[PDB]
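Heads up: the structure comes next, in structure tokens.
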Amino acid sequence: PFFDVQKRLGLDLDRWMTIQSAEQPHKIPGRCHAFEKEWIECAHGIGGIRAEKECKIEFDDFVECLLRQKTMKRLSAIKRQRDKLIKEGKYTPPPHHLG
Amino acid sequence: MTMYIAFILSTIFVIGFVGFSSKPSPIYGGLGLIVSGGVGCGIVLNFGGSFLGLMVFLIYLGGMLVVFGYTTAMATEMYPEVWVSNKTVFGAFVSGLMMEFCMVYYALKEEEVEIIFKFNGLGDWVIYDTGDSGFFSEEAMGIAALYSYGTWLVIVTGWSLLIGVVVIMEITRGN
Amino acid sequence: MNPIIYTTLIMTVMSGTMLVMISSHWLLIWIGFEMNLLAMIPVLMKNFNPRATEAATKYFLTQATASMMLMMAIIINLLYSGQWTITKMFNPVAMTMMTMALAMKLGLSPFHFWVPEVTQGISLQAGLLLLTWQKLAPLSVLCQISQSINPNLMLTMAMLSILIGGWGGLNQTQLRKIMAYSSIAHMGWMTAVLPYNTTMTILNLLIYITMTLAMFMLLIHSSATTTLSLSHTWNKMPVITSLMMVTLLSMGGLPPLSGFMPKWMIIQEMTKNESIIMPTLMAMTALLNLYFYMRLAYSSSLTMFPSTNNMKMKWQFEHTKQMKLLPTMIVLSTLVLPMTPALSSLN
Amino acid sequence: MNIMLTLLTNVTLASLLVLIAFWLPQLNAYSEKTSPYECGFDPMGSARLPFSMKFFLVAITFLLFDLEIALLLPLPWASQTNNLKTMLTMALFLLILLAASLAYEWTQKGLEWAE
Amino acid sequence: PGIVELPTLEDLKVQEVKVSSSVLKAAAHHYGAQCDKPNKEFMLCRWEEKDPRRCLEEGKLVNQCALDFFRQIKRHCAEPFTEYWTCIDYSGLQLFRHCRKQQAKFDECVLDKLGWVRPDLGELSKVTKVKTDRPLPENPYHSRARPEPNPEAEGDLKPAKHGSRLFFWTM
Amino acid sequence: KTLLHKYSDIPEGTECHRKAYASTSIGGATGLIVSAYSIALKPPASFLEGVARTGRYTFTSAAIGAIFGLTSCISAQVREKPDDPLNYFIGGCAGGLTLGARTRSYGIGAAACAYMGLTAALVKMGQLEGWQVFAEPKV
Amino acid sequence: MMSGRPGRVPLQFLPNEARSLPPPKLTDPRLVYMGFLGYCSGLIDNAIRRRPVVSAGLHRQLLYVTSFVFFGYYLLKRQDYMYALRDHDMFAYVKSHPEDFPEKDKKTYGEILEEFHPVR
Amino acid sequence: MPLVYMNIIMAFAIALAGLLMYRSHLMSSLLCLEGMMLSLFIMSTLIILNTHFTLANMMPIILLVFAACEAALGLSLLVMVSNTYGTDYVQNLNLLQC
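Protein chains in written order, with PDB author numbering: chain 1e, 1 to 99; chain 1J, 1 to 175; chain 1N, 1 to 347; chain 1A, 1 to 115; chain 1X, 1 to 171; chain 1Y, 2 to 140; chain 1d, -1, 2 to 120; chain 1K, 1 to 98.
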């Protein structure tokens, strides 16, 4: 906040939605609750300058959980390689993954 | 074929989006928005957002109705334009269809699109999450908390809309 | 417009800007901008002249486009970070989208062809309110997000503003038009120092607010809108235009007038950051701003201009309106250099 | 599946009825049977020039009021909360401003239709 | 950036209880009261460890205790239970409101033949306590080392040395 | 902007063809920007004259880029001295006269030489020195 | 350079911590100049309002100077507080980080090789 | 970041492009203005639903509340420009060139 009246006046106006690990209705946790919880607990009061260099892997795990960028990339490679291998005829899916 | 309707629905959303962005006659622009708006409601419904999907359906329909209700009121052309009509709108239209159809071709043939951000084609069904929701729909309880957790948002939204009626009369009054 | 509705319409504008400077949530910041735009459009077309309608219109499309781009840049930041707090932007495209999204609200780079004629069409009263109050909100957002700003883009935003603002003012006669380009010139000055020290642009904002305020309500008292119409004020009100000299000199930064305090203090800060070529540049191109200030000074009372015989009974009557802080505003707008170290109060 | 099959069947049924509407009855038409209807005598030339109605002010407030009903739509699930005092105060608050907007719209000509 | 220690398939080969949802819905209250101890222990492992891969065995105990509950019901009140869950299954929403009479047969059967009392309203929703002998996981989230705090702000304040120290301002 | 660094990728003097081509591309690219604006805010009349205006500005800017390319490499080759502000200075009426010849006029062309003369000298000064324009915030 | 330092209570003009600093002297030339600003503002007021400039209504004039000195006083107290804070984080960080500010030995003029440029 | 994100992001670009190329109609211009609002609403809905950001599900609603509010402002401005100048092509309001 530019002029932090919420901190001074000691009431909440929007510091209840700004994060995913806040008190959600009926304690419905978000997808990446644990990932961001570690990240915020990591860089709390340390400052933005120190946060961007020290709490880096915690952010990367959290940002990955948000998008699954690498995990979906891993799945994309599994399916593509499986497709060409099955199409050529080296190996066929086992009966558990048919029914 | 029912592989994942998300892309198909979003494609019609873009083609409908292309339409009124090409500057037709305003009434035909309403149709181009409505198809995108209707299918956009379909996209959100498919993602679990049942309430929000029909929500944008009801509000927009009323919103765009007064839009082209106005165009025939005082913005109508004595000879209205059409999707073909002038070469400018024709050029603006066909440009949009060939554009989007190029990106989707660019999208579905390598699955590693890197325009601006990263876009990999693997299926929007994947990003879904495994887990129950108890006996409540998550979206409905989230927008229900507006009256319990969002009392600040209600005040600013209510006051702005009340001011919204004041400006509308004050602007339109004149003299 | 009835007086009571006008007050509440203004209070909504001040509340909309205040919401921007106190909220920590990106959606609320966007809301504060939306309320600011919504309550201002009626203010511009208060008198309902034909000009004001498209003047208010050009306001609307420009700022709505800016607001929509700002919303989009917020959304990407949420997508890549899952955060609504105003700390920094974790997607470079998200930031590189907001700079112009906020710029068009400020009117700095070629996102500025709305500022001149929106000032021209609307009345002088809303012109003052447009060029001073409407800049606290977008600048406040920039000050908070000042950490994650692309210096190459932000500096170019300001450098373009100074050049165009100075160049454009040389070919203006309508006093409102010259004020808009002059305001655009000061836009670059405040925004150039933004990446380095945010305390400095606050200081330049405060000085520029007093300059634009004191200049405008002098124009209100003179009841003039073009250079020729201002010229005759020497016959009626000599002190107003004589005071207008010092404010014009101060607005050009000619020291030891208060207007030097930003231009001086800013240059000192960037040279601390090994920026030398660029500070020399705006030092050079601030002079074209000074040109049409002196031409205004020459035309107002430095050389008494031909008068009109219909001015006799004009001298027989005095102003009934009661501009306040005008005697105060001139003091801060002219002589505060001895209290320069007070910038640390902002810090 | 179920919803889209129902949507499909309705539009095919409607379109088929159009197809048999314009094809089963054969046509013996000319340029005078296609003339626009104006209760007999010749039209003076209209139906696309600006036809300015008067309820534009209340037409656009409907759009504002339709947003109020969007805001107060989630009320059925809002009652299932543990802090009804705050929910009741806010729920009535939106209704009050909705009533207040209508009342102020009423007093200043407003709902009156321009002459 | 590591491995994933998926448990042996053998570990995921415990007895898989086979009753339809209506059968479980009919047992409900009586099952909850007479099978709470293994149920509570397993979920406490679920909430504490936050890792089912560390709580399979507690899941197995639930299945074994679930079997004994259902093994007893066939041995004693198979018929009224079969009458009851059939009546629940017909309804599309599986409401207890429409099968009170069959319920009245069922609960009295297990009361006078298996010593079971239907828990009162809200009784099954109470918060329970268990005495699990597993240790509390010190790092359930496997949190990394917390960052060191920035140098603390302290010390006494004295007048600024030589005033503002900015250009020609001596004071 | 990678094409801009392509000027520094090839060392001065050598690759005189490449340096001229690089600056021609730099000029032509910048020519597209100004033409794109001018065709936008200054109203056109037809497609034919619109590209004609585009062609004129692109021709000047590409030519201005080219000659500064040749003058830079040949000067660093005839003297065999890379680090020389004069190497870019001789680009003065190289650029000024040609731009004043593309729109043939002695007034603009002759008066031009100095302006990008020292400018080309000054950009060479920052090339050799550690001068920065858009300096990041150190303090 | 200071809005992010820990313990900075927002919207709080003069911290209770700042009372340990010398209050600005009443004779402080910075303060008395701000009084002149009030005096000058009074004269400007009568000029626009077409009043007997210097000898016009003193109550309007005397209010201006009395107001300016007051808001001048707390601004001057805030002046030195921030500067003292600048000088507080100055030396605490210098002591906390000694190695990046090494102590320079003495290498007196009798030993430097510094040359003399012949000014002829 | 699957292809549905590409579709609506690229969609918003054409809404941006469509708005920034006023051809002959203010009403059609306002159409592209409200067009932007679809992609922003739809993308926002996809984000906070995918991430189960339940408390943030109100954000698409508040977008719509301030959405039609601008839409009303645009048409109300369009009322007078068309009323006193006859049509809505954005070319006849150049009296403010000087």
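Using N, Cα and C, we set each Cβ at its ideal position, and we do this for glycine too.
- When DSSP states are grouped into helix, strand and coil, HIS186 (chain 1N) belongs to the helix group.
- By the Cβ test, the region 109 to 128 of chain 1N is in contact with the region 54 to 64 of chain 1N, since at least three Cβ pairs between them sit closer than 8 angstroms.
- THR71 (chain 1e) and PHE59 (chain 1e) have their C-alpha atoms some 16 angstroms from each other.
- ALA59 (chain 1A) is not a Cβ neighbour of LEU64 (chain 1K), given a cutoff of 8 angstroms.
- Only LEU75 from the region 51 to 77 of chain 1d bring a Cβ to less than 7 angstroms from some Cβ of chain 1N.
- Between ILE168 (chain 1J) and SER39 (chain 1K), the C-beta gap is not smaller than 8 angstroms, which leaves the two residues out of contact.
- If you check the CB distance, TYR73 (chain 1d) and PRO29 (chain 1d) do not come in under 8 angstroms.
- Cβ atoms of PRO116 (chain 1N) and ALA180 (chain 1N) come within 8 angstroms of each other, at about 4 angstroms.
- In the three-state reduction of the DSSP assignment, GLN174 (chain 1N) falls in the strand class, which pools E and B.
- Going by DSSP, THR61 (chain 1Y) is part of the alpha helix (DSSP H) stretching over 48 to 79.
- In this structure, the alpha-carbon of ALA107 (chain 1J) lies about 53 angstroms from that of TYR6 (chain 1N).
- Rounded to whole angstroms, the Cβ separation of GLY30 (chain 1J) and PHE68 (chain 1J) is 4 angstroms, and the two are in contact under 8 angstroms.
- For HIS25 (chain 1N), the pairing in a beta bridge is given by DSSP as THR85 (chain 1N).
- Chain order gives the chain 1N residues near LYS139 (chain 1Y) as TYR196, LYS272, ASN273, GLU274, where near means a beta carbon separation below 9 angstroms.
- By DSSP's assignment, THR226 (chain 1N) forms a beta bridge with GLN174 (chain 1N).
- DSSP places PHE292 (chain 1N) in the uninterrupted alpha helix (DSSP H) bounded by 287 to 297.
- Where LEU124 (chain 1X) is concerned, there is no enclosing alpha helix (DSSP H), because DSSP gives it neither an H nor an E.
- The three-state reading of DSSP puts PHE70 (chain 1X) in helix, counting H, G and I together.
- Here the alpha carbons of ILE220 (chain 1N) and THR210 (chain 1N) stand approximately 15 angstroms from one another.
- At the C-beta level, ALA11 (chain 1K) and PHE20 (chain 1J) stay beyond 8 angstroms of one another.
- Among the CB atoms of chain 1X, one or more fall inside 8 angstroms of the CB of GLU38 (chain 1e).
- At least one C-beta of chain 1d is nearer than 8 angstroms to the C-beta of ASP4 (chain 1e).
- Bounds of the alpha helix (DSSP H) holding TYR39 (chain 1d) are 29 to 48.
- Per the coordinates, the alpha-carbon of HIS88 (chain 1d) lies some 27 angstroms from the alpha-carbon of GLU54 (chain 1e).
- Interface criterion not met: the Cβ of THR285 (chain 1N) is under 8 angstroms from no Cβ in chain 1d.
- Put simply, the CB of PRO279 (chain 1N) is far from chain 1Y, with every gap to its CB atoms at 8 angstroms or more.
- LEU203 (chain 1N) sits close to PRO262 (chain 1N), with the two beta carbons spaced by under 8 angstroms.
- Within the region 80 to 94 of chain 1K, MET80, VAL81, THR84, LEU93 place their CB atoms closer than 7 angstroms to a CB of chain 1N, listed in sequence order.
- Sequence-ordered contacts of the region 150 to 167 of chain 1N with chain 1Y read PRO151, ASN152, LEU155 [C-beta pairs closer than 7 angstroms].
- Per DSSP, reduced to three states, the secondary structure at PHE136 (chain 1J) is coil, with no helix or strand assignment.
- The residues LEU129, in chain order, have a CB closer than 6 angstroms to that of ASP84 (chain 1Y) in the same chain once the five nearest residues on each side in sequence are set aside.
- Identification of residues in the region 76 to 93 of chain 1A having a C-beta nearer than 9 angstroms to some C-beta of chain 1J yields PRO76, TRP77, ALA78, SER79, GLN80, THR81, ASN82, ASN83, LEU84, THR86, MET87, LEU88, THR89, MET90, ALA91, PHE93, given in sequence order.
- Secondary structure at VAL113 (chain 1J): strand, using DSSP grouped into helix, strand and coil.
- The C-beta of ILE60 (chain 1A) comes closer than 8 angstroms to at least one C-beta of chain 1K.
- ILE14 (chain 1K) is a Cβ neighbour of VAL18 (chain 1J), given a cutoff of 8 angstroms.
- Among the residues of the region 22 to 46 of chain 1d, those with a Cβ less than 9 angstroms away from any Cβ of chain 1N are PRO29, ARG30, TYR33, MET34, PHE36, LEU37, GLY38, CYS40, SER41, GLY42, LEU43, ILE44, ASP45, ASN46, in the order of the chain.
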